[PDB]
Every structure is written in C-alpha cells, then in structure tokens.
Amino acid sequence: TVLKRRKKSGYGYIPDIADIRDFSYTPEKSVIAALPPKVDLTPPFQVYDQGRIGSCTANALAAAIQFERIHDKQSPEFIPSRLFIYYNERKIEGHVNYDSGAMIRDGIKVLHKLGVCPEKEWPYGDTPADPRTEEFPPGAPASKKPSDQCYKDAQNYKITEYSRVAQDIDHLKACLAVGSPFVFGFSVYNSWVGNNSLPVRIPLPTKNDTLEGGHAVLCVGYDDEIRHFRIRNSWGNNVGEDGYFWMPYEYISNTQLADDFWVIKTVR
Ligand SMILES: O=c1ccn([C@@H]2O[C@H](COP(=O)(O)OP(=O)(O)O)[C@@H](O)[C@H]2O)c(=O)[nH]1
C-alpha cells in the first residue's frame, strides 16, 4: 500500500491550533442590521500565482497587506514578499527545508512581530520540493533565509492587530460591508479542481467527492443575487475570472468545509 502524501503544491493551509486569547472581530450591530445586497472590494492589483509550492497562506496574507496599504493611502504600492512570510511561518510550525504549508495564525504572527519586506527585495521562486525526497532541493528560493536587510525593512510594515471573524454569514458580510477583506482556509474537493476543470462557481461538495487538500484565500465580496462570496485565488489569471472565483454561501458557512476566518489591521 502506498499512503498518499497530502498535496501541498498549489495549496498549503493547515488548520490553526486554537488559542482562547484570539481576539474577536465584533461588527457594529448597526452594520449587521443593514447589510447591502452586494459588496465588491476586488482591488486593482492582479492575482498572484503561487505556483508549485504550499504558500497559499502567504499569498492570501500578502494580498490582505497590499489591499490595506491602498485603503490606508500608503505608498508606494508593492507586492509584499510571499516567501518572506512563508519562510518565517515554517520557523514556527513545519520546517523551512520542506513544503509543509502553514497555519494562517502563524502567517499573521509573522506579520505582527516581523512585518514583511517588498517582494522585489525577496523575490518569489516556486521551485518545488523534490518528489523523491519531498525536501526542497539545494538553492530552492523557498528554503533560503531572507537577508538581514530584508528583516530590517520588513519591520516597517508590521500589522498592529488581528481578530477572528465568526463563521456566520452576516458577520462575514458585515466585515466586507465596512470595506475589510478577510482570509480564511477551506477544504478543496475534486468536484472543483478535478482535471483542472476549475469552474468559476465552486460546487458544493458531496460525500461522493474526494478531499484534495487545504487552501487559503482572501475573500473580497459577496452577491445575494447568486448567494456566493467572491474569492481572490493565487493560481494566476488564466483560471476562474481573472483569477477570481465564487464560493456558495452554504460552502463558506459550513464548519466542516471552511474555518480560520481572520482580519488584519495596521493602525497609525
Ligand atoms: O492583535 C492580536 C494580538 C494578539 N492576539 C492573541 O493573543 C495571543 C498572544 O499574543 P501576543 O502578541 O501578546 O503574544 P506574544 O507572542 O508576545 O507572547 C495570540 O496568540 C492571539 O491569541 C490576537 O488575537 N490578536
């Protein structure tokens, strides 16, 4: 029998260990009472492509940081270094020499305590783990320690706070309604990704489908007209609608399908 290695290339989310100290995102009751039918925060910067490594948490969080800098009127615009996030996440949990994936909460810890440098200073390279050893080969950009200069510059971009959003459709909508995207993790089934069919609308999984892996994305909107949330994926702009997809309300609100909804902020 060969046990199947759980796929990390293109994925990378590991469910968070719970911490009762986790801050709660508390939407204003006035906002919840008066949710609009449709929110579309899609930003102007195009999707990234995480390629063949398990960096989805860093891709989702890079985008939350890029998005917030726009809204906070911060300049210049840069793509945050995804490998800087991913390398430091694997100092906490996993290992920098393996494509282990990461918990969202640990990517958030990196942003809070270390920050993130611009991707130009620590550029992306998706050389994957060697399939025989399942270790990054020598020279793989993902296993390289960022330079001392990268760590110093990253300090200029720390977040100040982060909180969990309740897995409740009105709380997810209220978050987006006030103009805040959130990152979350979900299970991926062959009914969406099988044969790279990748429909724009993600089908609701059934017990006939197969679990393929754990993914994490930035959510940027919702539409009551079709009862889907809009997700920014990290698989390039030649899939979905320029890299974006629609996730059904019944998918995102299922505790057996999605979890680990987080908002980040940088205050002043
Ligand atoms: O904005 C924040 C700051 C901290 N925490 C929570 O508080 C815990 C400890 O965070 P802190 O930064 O105080 O920990 P330290 O690493 O400095 O001991 C974290 O694990 C989270 O549960 C949080 O949820 N949001």
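Every residue, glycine among them, receives a Cβ derived from its backbone with ideal geometry; neighbour counts consider all protein chains shown. Quick note: the coordinates plus some simple rules give every number you see, no bench work behind them.
For region 15-24, the criterion of a residue being more than 22 Å from residue 112 (Cα to Cα), of a type outside the set (D, E, K, R), touching a helix residue (DSSP H, G or I) at 6+ places or on another chain (Cβ under 9 Å) and in contact (Cβ under 8 Å) with a residue 60 or more places away in the chain is satisfied by no position. List pairs: first in region 84-111 and farther than 23 Å from residue 24 by Cβ, second part of a loop (DSSP other than H, G, I, E, B) and among the basic types (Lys, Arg), Cβ under 6 Å, 6+ apart or cross-chain? Taking only residues 6 or more apart or on different chains, the pairs are 99/8; 101/8. Looking at (1) in contact (Cβ under 8 Å) with a residue 24 or more places away in the chain; (2) crowded, with 20+ Cβ neighbours inside 10 Å, which is the only condition residue 198 fails? Every listed condition holds for residue 198 apart from (2). Screening the candidates 128, 118, 123, 138 for the property of being away from the ligand (no atom under 16 Å from the Cβ), farther than 29 Å from residue 76 by Cβ and under 21 Å from the mean Cα position of the chain (by Cα) yields one hit, 128.
Across region 158-171, not a single residue is classified as buried (at least 19 other Cβ atoms within 10 Å of the Cβ), in contact with a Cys (Cβ under 8 Å, 6 or more places away or on another chain) and not β-branched (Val, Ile, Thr).
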